[PDB]
Structure formats: structure tokens, C-alpha cells
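**Q** Quick one: structure below, then a few questions.
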Amino acid sequence: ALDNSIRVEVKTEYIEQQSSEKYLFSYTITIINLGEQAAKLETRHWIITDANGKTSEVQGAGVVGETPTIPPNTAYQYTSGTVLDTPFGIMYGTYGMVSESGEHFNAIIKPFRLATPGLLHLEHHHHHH
Amino acid sequence: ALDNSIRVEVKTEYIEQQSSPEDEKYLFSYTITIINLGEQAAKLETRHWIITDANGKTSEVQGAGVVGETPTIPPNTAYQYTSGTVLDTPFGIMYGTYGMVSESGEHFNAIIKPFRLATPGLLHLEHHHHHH
Ligand SMILES: C[As](C)(=O)[O-]
């Protein structure tokens, strides 16, 4: 029931540039419950930040319109997206969970990158001879 | 000439609400199918969208290709792709054109008929029944 009983994994994908400039990204999240009892995702709380420092927040019921119940040792996956004003940004937040025993807690979704394949930062190394 | 060689079909889906305390936002996805019924390959070079919210407030999107590519659709082939858009109202309309170019080098447009974007059950269901 305690925190850490829920692990959040994330993958993203730059979808398309909407020049009017805006950038559409998609993100697929897998919420895995490794706790003793089942847990229900009741709310979400996103904090999005673009390359310019402009930040926005989204608080709502469930994810993609659903409040799934994730039994123990089960993984719930879903996909959504966000439109940024810049070709890259950072996104993090929390999910409002509720244990089978009626105990409410937050599942943490660590910061993750939103970026076009051309602006994804790469550190460069090489062989020393 | 080749204006009839391409047919566009589309389906949509309400993904998720992206609203902030005072700024309504609704994320939609759309899956376009571009069928080349021509006897020659056709390459999608540009797109030009006209997006309208429930109040007539429109936005215009113009760019090269779709989702990062300018696909070549050979004869008798249906190319599908998915993208999306965010509206400030739970209902809206989209329409526009794709700038196509044929193997022969000729440029023409593939029309994209207007289609809706709507959150499910925005309008209550109407009921019919076998009379008598
Ligand atoms: C599934 As999407 C992020 O292209 O609306």
C-alpha cells in the first residue's frame, strides 16, 4: 500500500510539427503495481515545461478518460500527448492512487524528455589510442 | 486530371483533456488513410489544414508532408498515418488539402473533406423505434 509499490515507466515520440510553431508529442506510460493489494488511479497531475521556461499544469480525473484498477503484479499501459511551443521540454508529475484498503497515495512519475529526434542531446565519446 | 486519383478517408478519437484552471484544451487524434487509385505512384509533399473550434475561431496549419515524411503511395495502395490536434472547445471541424506530385512530375491536390472532432456523447442520443 505504501509508496514505491507503484512503478511508472515512460516512452515518448515526437509526432508532428504544427506550423501556424507548435510541436505534438505522444507519450506511452506503463503503470506497474508491485504491491500486495490492488490500486486505482483516480487523478493525474502533470507539470509541463518547454525550452523557453514556460510552464503549464493539467489536473484531472483518471487518464485518457479512465480510472483503471491495477491488480497486484499487473501493468496498465496507455498513450496520450501534449503540444509544446518548443521542439523540446521536460515533463513530470503525479498520479492520485487509492489502495484496495481505501488508502490514498501518490504514484510518482519522474521527469522525462520531450524532444524531436534532431534535438535529442548526445554526449560524444571515442576510442583512445 | 489526377484530382480523382486520390481518395481520403478519416476517423478520429478524443484522447484526453489538457485543460488548466481557466483554459480549456481537448486533445484529439486523427487517422488519415490516403488511397491512390491511380495507375501511377503519387507522392504527398505538403499539407494545408483549416481547424475550427465550436465558435468559428480557426487556426491554419501548413507544412511539408505528414508526420515527418513525404510518402510515395504506389497505385492501388492505402497509406495510413496518425497525428492529432488540441482544441479549445469539445467540438470542432477540420478540412484542407494535400499537395500531391505524380511520378510524371505533375502537381495536384487531394481534397480532405471536412470531418468533426467531438468528445463522446456531447450531444444526447436520438431514439427511433419500429412503429405500429
Ligand atoms: C496518440 As496522439 C499523442 O498522436 O493524439
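Ligands are numbered from 1 in the order shown, residues from 1 within each chain, and chains are lettered A, B, ... in the order they appear in the C-alpha cells.
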Select the residues contacting ligand 1 at a distance of at most 7 Å, based on only C-alpha atoms and all ligand atoms, then format the selection as a list in words.

**A**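 Sorted by chain and then by number, the residues are residues 15, 24, 25, 26, 27, 79, 80, 81 and 82 of chain A; 15, 27, 28, 29, 82, 83, 84 and 85 of chain B.
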
**Q** Check every residue of chain A for an atom within 7 Å of chain B, counting only C-alpha atoms, and provide those that qualify as a list in words.

**A**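 Going by the stated atoms only, the list reads residues 15, 16, 18, 19, 20, 57, 58, 64, 65 and 80 of chain A.
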
**Q** Give the answer as one residue: which of A:87, A:117, A:72, A:62 has the shortest atom-to-atom distance to residue 99 in chain A, using only C-alpha atoms?

**A**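 Between A:87, A:117, A:72, A:62, the residue approaching residue 99 in chain A most closely is A:72.
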
**Q** Find the residues around range 42-55 of chain A up to 7 Å (only C-alpha atoms counted), leave out those fewer than 4 positions away in its own chain, and share them as JSON, numbers by chain.

**A** {"A": [59, 60, 61, 62, 63, 67, 84, 85, 86, 88, 89, 90, 91, 92, 93, 94, 95, 96, 97]}

**Q** With a distance cut-off of 9 Å and only C-alpha atoms, select the neighbouring residues of residue 78 in chain B, excluding the residue or stretch itself and same-chain residues fewer than 2 positions from it, and output the selection as number ranges by chain.

**A** B: 33-37, 73-76, 80

**Q** The selected residues should be written to file as a PDB file, in the first residue's frame (atoms: N, CA, C and O atoms).

**A**
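Result file is out01.pdb:
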ATOM      1  N   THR B  33      -6.311   8.040 -44.025  1.00  0.00           N
ATOM      2  CA  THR B  33      -5.985   6.977 -44.966  1.00  0.00           C
ATOM      3  C   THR B  33      -6.055   7.650 -46.322  1.00  0.00           C
ATOM      4  O   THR B  33      -7.084   8.222 -46.690  1.00  0.00           O
ATOM      5  N   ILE B  34      -4.944   7.600 -47.044  1.00  0.00           N
ATOM      6  CA  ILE B  34      -4.832   8.212 -48.352  1.00  0.00           C
ATOM      7  C   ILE B  34      -4.658   7.108 -49.389  1.00  0.00           C
ATOM      8  O   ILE B  34      -3.590   6.504 -49.505  1.00  0.00           O
ATOM      9  N   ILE B  35      -5.725   6.843 -50.132  1.00  0.00           N
ATOM     10  CA  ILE B  35      -5.718   5.791 -51.142  1.00  0.00           C
ATOM     11  C   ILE B  35      -5.408   6.310 -52.539  1.00  0.00           C
ATOM     12  O   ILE B  35      -6.049   7.247 -53.029  1.00  0.00           O
ATOM     13  N   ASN B  36      -4.413   5.701 -53.175  1.00  0.00           N
ATOM     14  CA  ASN B  36      -4.040   6.083 -54.527  1.00  0.00           C
ATOM     15  C   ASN B  36      -4.644   5.074 -55.492  1.00  0.00           C
ATOM     16  O   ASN B  36      -4.121   3.971 -55.672  1.00  0.00           O
ATOM     17  N   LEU B  37      -5.762   5.465 -56.097  1.00  0.00           N
ATOM     18  CA  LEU B  37      -6.478   4.626 -57.042  1.00  0.00           C
ATOM     19  C   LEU B  37      -5.945   4.842 -58.456  1.00  0.00           C
ATOM     20  O   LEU B  37      -6.431   4.236 -59.414  1.00  0.00           O
ATOM     21  N   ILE B  73       3.005   6.942 -52.507  1.00  0.00           N
ATOM     22  CA  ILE B  73       1.947   5.941 -52.487  1.00  0.00           C
ATOM     23  C   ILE B  73       1.809   5.353 -53.882  1.00  0.00           C
ATOM     24  O   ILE B  73       1.364   6.035 -54.812  1.00  0.00           O
ATOM     25  N   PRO B  74       2.189   4.077 -54.051  1.00  0.00           N
ATOM     26  CA  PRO B  74       2.071   3.474 -55.383  1.00  0.00           C
ATOM     27  C   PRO B  74       0.605   3.205 -55.729  1.00  0.00           C
ATOM     28  O   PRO B  74      -0.281   3.369 -54.885  1.00  0.00           O
ATOM     29  N   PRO B  75       0.325   2.796 -56.974  1.00  0.00           N
ATOM     30  CA  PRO B  75      -1.063   2.519 -57.364  1.00  0.00           C
ATOM     31  C   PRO B  75      -1.718   1.472 -56.461  1.00  0.00           C
ATOM     32  O   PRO B  75      -1.034   0.652 -55.853  1.00  0.00           O
ATOM     33  N   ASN B  76      -3.042   1.513 -56.361  1.00  0.00           N
ATOM     34  CA  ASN B  76      -3.766   0.540 -55.549  1.00  0.00           C
ATOM     35  C   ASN B  76      -3.161   0.344 -54.149  1.00  0.00           C
ATOM     36  O   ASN B  76      -3.031  -0.790 -53.677  1.00  0.00           O
ATOM     37  N   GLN B  80      -1.615   4.958 -44.482  1.00  0.00           N
ATOM     38  CA  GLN B  80      -2.243   5.431 -43.264  1.00  0.00           C
ATOM     39  C   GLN B  80      -1.245   6.061 -42.304  1.00  0.00           C
ATOM     40  O   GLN B  80      -0.090   5.637 -42.213  1.00  0.00           O
TER      41      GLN B  80
END

**Q** Mind the document's chain letters and residue numbers, and return as a PyMOL selection string the residues of range 45-75 of chain B that DSSP labels strand (DSSP E or B).

**A** chain B and resi 45-53+58-64+66+69+72-73

**Q** What would the file look like if the residues just selected were written as a short mmCIF file (atom, residue, chain, number, x, y, z; two decimals), in the first residue's frame with C-alpha atoms?

**A**
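Below is the file selection.cif, written as the result:
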data_model
loop_
_atom_site.label_atom_id
_atom_site.label_comp_id
_atom_site.auth_asym_id
_atom_site.auth_seq_id
_atom_site.Cartn_x
_atom_site.Cartn_y
_atom_site.Cartn_z
CA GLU B 45 4.59 16.66 -50.48
CA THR B 46 2.55 19.18 -48.47
CA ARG B 47 -0.49 19.55 -46.26
CA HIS B 48 -2.70 22.52 -45.52
CA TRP B 49 -5.20 22.29 -42.68
CA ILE B 50 -8.01 24.57 -41.55
CA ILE B 51 -9.05 23.85 -37.98
CA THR B 52 -12.17 25.39 -36.48
CA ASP B 53 -13.42 25.25 -32.88
CA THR B 58 -9.86 28.98 -36.85
CA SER B 59 -6.19 28.03 -37.00
CA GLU B 60 -4.28 27.07 -40.12
CA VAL B 61 -1.51 24.52 -40.36
CA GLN B 62 0.79 24.31 -43.36
CA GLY B 63 3.87 22.13 -43.73
CA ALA B 64 5.87 19.56 -45.67
CA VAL B 66 2.71 14.40 -42.80
CA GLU B 69 7.63 12.27 -44.17
CA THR B 72 5.19 7.86 -52.05
CA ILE B 73 1.95 5.94 -52.49
#

**Q** Quote the spacing between CA of residue 75 in chain A and CA of residue 31 in chain A in Å to one decimal place.

**A**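 These atoms are spaced 5.5 Å apart.
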
**Q** Work out how far apart CA of residue 93 in chain B and CA of residue 116 in chain B are and give it in Å to one decimal.

**A**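 Value for the CA of residue 93 in chain B-CA of residue 116 in chain B distance: 4.5 Å.
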
**Q** Please compute the CA of residue 114 in chain B-CA of residue 22 in chain B distance, one decimal, in Å.

**A** 28.9 Å

**Q** Pick out the residues sitting within 10 Å of residue 103 in chain A, and hand them over as a list in words; count only C-alpha atoms, and ignore anything fewer than 2 positions along from it in its own chain.

**A**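 Non-adjacent residues within range: residues 1, 2, 39, 97, 98, 99, 100, 101 and 105 of chain A.
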
**Q** When distances are computed from only C-alpha atoms, which of B:1, B:117, B:125, B:100 shows the smallest separation from residue 87 in chain B?

**A**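 Using only C-alpha atoms, the shortest distance to residue 87 in chain B belongs to B:117.
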
**Q** Between B:97, B:70, B:31, B:89, which has the minimum distance to residue 56 in chain B (counting only C-alpha atoms)?

**A** B:89

**Q** Select, from B:30, B:81, B:115, B:98, the residue with the minimum atom-to-atom distance to residue 42 in chain B, counting only C-alpha atoms.

**A**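 For residue 42 in chain B, the nearest of the candidates is B:98.
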